[PDB]
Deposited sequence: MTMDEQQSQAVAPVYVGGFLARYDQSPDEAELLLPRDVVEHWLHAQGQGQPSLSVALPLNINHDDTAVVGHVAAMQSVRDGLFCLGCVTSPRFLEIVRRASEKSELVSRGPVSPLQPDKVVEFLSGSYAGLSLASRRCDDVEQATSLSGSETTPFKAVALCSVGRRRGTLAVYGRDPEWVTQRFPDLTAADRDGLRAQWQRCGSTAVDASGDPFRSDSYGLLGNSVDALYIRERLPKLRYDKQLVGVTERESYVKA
């Protein structure tokens, strides 16, 4: 099923990465101290598509696993995915094509952490290393990140084991044009890929 739930994993922050804006600083102790959050689209709270299913502070940063569950959102995505050349091209070599997952991978390639508040799926995160990895199996999703240990995954696994989306296709389309003008979006995304060791050769990542 295309509209079945979709899991998304990735780091919300990389501790060894020094941000340009002081406003983006997120030290380890701060995270461990203040450590379900809604999952929305680009910080629009009228665009909640699911929830954060797990959060773990690991060696390199704060890892998160979210679950996209909104039927309204997933249907919009399904329909849009059918009109995407990128999606039609499919994944690399062995991965099974999955239109909904691939469209999400292409559109919201990054994560952004807004106690806490919420995690937003965005075209690219302001913090580096925040690549979003989508998949149908949460176990598979966490396995895409070389940095995570079995113990890391054990902590995450324990955590993840009305329709909140109050937006529409028009809203996502308006957001899509903003994305086109984020400076250095692809370079930033590729840098993130490198930092977290995730490749398009073993995931649905499009950057």
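Several segments of the deposited sequence are absent from the coordinates, namely 1-8, 44-55, 135-153, 201-210.
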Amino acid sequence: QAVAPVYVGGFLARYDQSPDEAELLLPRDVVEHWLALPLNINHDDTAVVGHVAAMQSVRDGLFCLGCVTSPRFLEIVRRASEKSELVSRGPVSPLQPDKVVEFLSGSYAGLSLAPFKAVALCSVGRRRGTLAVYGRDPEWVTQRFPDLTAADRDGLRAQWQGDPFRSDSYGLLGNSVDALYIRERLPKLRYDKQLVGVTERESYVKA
From here on, numbers count along this sequence of modelled residues.
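Between 171-179 and 22-30, it is 22-30 that carries the larger average Cα temperature factor according to the deposited entry.
Between 83-91 and 100-108, the higher mean Cα B-factor belongs to 83-91. Across 67, 36, 41, 141, the greatest Cα temperature factor reported in the deposited entry is at 36. Per-chain ranking of the deposited C-alpha B factor places residue 155 in the middle third. In this PDB entry, the Cα temperature factor of residue 164 sits in the middle third of its chain's modelled residues. Sort the modelled residues of the chain by CA B factor and residue 136 lands in the middle third.
Among all modelled residues in this chain, the alpha-carbon of residue 117 has a temperature factor (C-alpha) in the highest third.
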